[PDB]
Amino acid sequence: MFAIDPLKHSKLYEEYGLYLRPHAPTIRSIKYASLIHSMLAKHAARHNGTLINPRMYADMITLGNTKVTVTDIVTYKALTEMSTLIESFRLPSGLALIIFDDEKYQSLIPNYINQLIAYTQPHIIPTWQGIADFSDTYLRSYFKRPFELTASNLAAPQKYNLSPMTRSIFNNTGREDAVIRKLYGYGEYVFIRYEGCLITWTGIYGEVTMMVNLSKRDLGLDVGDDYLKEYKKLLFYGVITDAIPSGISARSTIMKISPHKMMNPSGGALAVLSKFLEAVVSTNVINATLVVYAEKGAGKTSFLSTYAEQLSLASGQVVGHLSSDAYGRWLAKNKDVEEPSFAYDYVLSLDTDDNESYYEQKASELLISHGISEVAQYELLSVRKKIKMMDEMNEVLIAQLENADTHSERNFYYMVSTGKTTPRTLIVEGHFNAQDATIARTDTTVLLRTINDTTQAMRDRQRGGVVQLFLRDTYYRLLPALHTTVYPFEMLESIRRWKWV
């Protein structure tokens, strides 16, 4: 007995690569579980969507020992009906409730099954990269076990002991399904279809997996290509599934590409982003603002410019974008002027990468004052020696977050966010969580994770890599994951799912 009924919702199990074996004890058991699902869905809808005695239902179904028989009747009429259903099965034991360990699966479990979970030992099937494993008891009994064809495994189905009623085929040959079908004789069989990719790279420390939400034809990459080739599709649609720091870099090549299931976006990410889009649409709100944090080197500006473009084209309004190093490049030029210009065009004209930041100057002087000038000198220090310097960098960060003077950071974002000619909706970036009291007043703030080893991406660039690595480490030391973690494909799916006009 699964949580979601495979006879009604067969297409969802087809999405995982799990096909129904054609119509035996397992064949009786799946139909009995479907009748139990229909009976529970009937009994739930008579009392506010709830079940009247869920421990009794859970015992009668999962354990299969309790029999209720009338020989009040009103309070136990549903239980007598369920008892006369289960007694007519003559099963030796009870039907164990079966859940997958996926997030997309648990959001589609019905309410009555969720009420019965709290009085049941479920059979929780793990997932590797979203696909439930096929070497389980129930998924072998009720479903077709897959068979993978590779370049080496490729043969006629007569060579192995395959059959249409037991095995389904996973084409991993890199060839068209019609060519495999009418060239080798796989015509009677059935193919599981996946929509994404799974790419293994050659990392600095080992090998690195990556899951992409694009098809292998949409993603123009083959085995042996480059990381900087087709980088934008990977940044917009890719998620590395290893522990950070995963040593991915601009030199990593492809070891293997396989078709694989598309990732499903999270609940809280789409909830916070739809909260922001509700703030964008509604006329009740004068200023809408999104606060995005990322580590220094995640490539966050290049995606959020595309996000501002897609939001402008989908919403019909004008969407601005204040960069992460906007205040530093502002304050490097205006810390001496008593009455500076807070206008949006003047600020936006200073967010180019040729302008030097104030914090990078101060950190350059701080690294010079200890004698640190090369990246190899900074790597060769101890952790306590780094933290002793990062505390002085925090002493120079606190002087701009403490008060609200005419050059404070809170005054800067107040004057830019509340200007005459500034856009209505701003996408404002930040480095660390102490800027929450300083970046403009919101109710949506997220954290952006991309496929960039941010300690490797900052030692692979010029213009003072020591200062960039030092400021990355300081900002990491001031940034936990205490807001909602959001990936870029989730930020694009938030616009694609929100209905406009």
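Take the two forms, superpose them, and find the largest set of C-alpha atoms that agree within 1.5 Å; that set is the rigid core. Note that residue numbering begins at 1 and tracks the sequence as displayed.
Comparing against the shown form in 4 other deposited structures of this protein, which stretch has the larger RMS C-alpha deviation after a rigid core superposition, 330-338 or 74-82?
Checking 330-338 against 74-82 in 4 other deposited structures of this protein, I find the farther stretch is 74-82.
Do the Cα atoms of 262-270 stray more than those of 86-94 in 4 other deposited structures of this protein, or is it the other way round, with the core held fixed?
Checking 262-270 against 86-94 in 4 other deposited structures of this protein, I find the farther stretch is 86-94.
Scan the PDB entry between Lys11 and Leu12 and report the missing deposited residues as one of none, 1 to 3, 4 to 9, 10 or more.
Nothing is missing between them.
Missing residues, deposited sequence, between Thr71 and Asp72 (class: none, 1 to 3, 4 to 9, 10 or more):
Per the deposited record, the segment joining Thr71 and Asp72 lacks coordinates for 10 or more residues.
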